[PDB]
């Protein structure tokens, strides 16, 4: 019973994602050497060129398409502390969508960054994907980030400390601005190609004594990339987060009173708690909690429960309101929210003002796309334009949104089940999205 970990590999195109990932798979014995060859030969037939290592990540991306997993046993490998699985990487039709719909869900993002001359500079430029990729992971609340500083073999000189330092520094400042805390991220210099420093230290890099993480949960340190992999913190576990319980229904049960029903998404609900309902802003005390027609002292995450509340009318709270704890990040009305969406098969064209209904947790409310803030390439996460005038089917984007009626939502990283939504026009699912920030009301 080692715990399961999900890894997403990101980084700018040609920075070395498939190479590194494939090498790692090879070196960890997840596939037998015979079977590694079948797929090497097979890849060569299929494409012009050599696919040693890379075929692994390429097969993976391709097996995350249209919406069937048939097998993922090749992508599972064992470290000392975890069973790790590679989930997905940028560079295919569905990447953004898999990320956004949670069909591909990750506990950590390995961000590959290329150290070769001009390579790092391209990834981090206006045409590069390094920032976007980091930004995307953060948005999806992947709070564990490892940075693999790759192709060290081909710096100027080979394996330059100075170059490693320069990348660690510049990349640290960006991931800071973005919201990660740099000190928690292992910056590991490596060569995906030769293998340097993936499983043990490399004779080529004697100047490198190792990396140090400092987190809330305590310090850790190592040399290789395997060791970084094993300092990954697990989630954060819903039970330990403040209460969030979106309202499915509200009944008036005779000689008992108002009884809201819902799934505890995060936190504990218990009889006694004085809870708050957003966005109606009403605080009151839970007389009791029922599940399977039986009193509960605790309602845990995943529990569907009735709870009787004193002094509230059935007309005061409704489906889609959100209940939480009044003395622990009580829920609030969303004045507006910023999100990342991928537009699926629409009719035509969307502009500031478009107001479809947003289905989020148990709410169903029309929201205005106030500002269209970025268009984003769905294959790659690459940003393709600031304030685009209009979006259309196939685009990913970043949009600002203003709820038409009062609504309560949460950012996807704080409260996932309250941070993912679908966008709807009649029976049309036009978009799916996740919520970056939310401006709370007063």
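Residue numbers count along the first chain shown, from 1.
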Higher average CA B factor in the deposited record is what I'm after, so tell me if that's 380 to 388 or 408 to 416. 380 to 388
Of 294 to 302 and 108 to 116, which one has the bigger average CA B-factor? 294 to 302
Residue, from 399, 44, 57, 396, that the PDB entry assigns the highest Cα B-factor: 44
Candidate residues 345, 191, 231, 184, the one whose C-alpha B factor the record puts highest: 345
Could you place residue 426 in the lowest, middle or highest third of its chain by Cα temperature factor, using the values in the record? highest
If you rank every modelled residue in this chain by C-alpha B factor, which third holds residue 266: lowest, middle or highest? lowest
By its CA B factor, does residue 95 count among the lowest, middle or highest third of the modelled residues in the chain? lowest
Can you tell me whether residue 320 has a C-alpha B-factor in the lowest, middle or highest third compared with the other modelled residues of the same chain? lowest
C-alpha B factor of residue 256, ranked within the chain: lowest, middle or highest third? highest
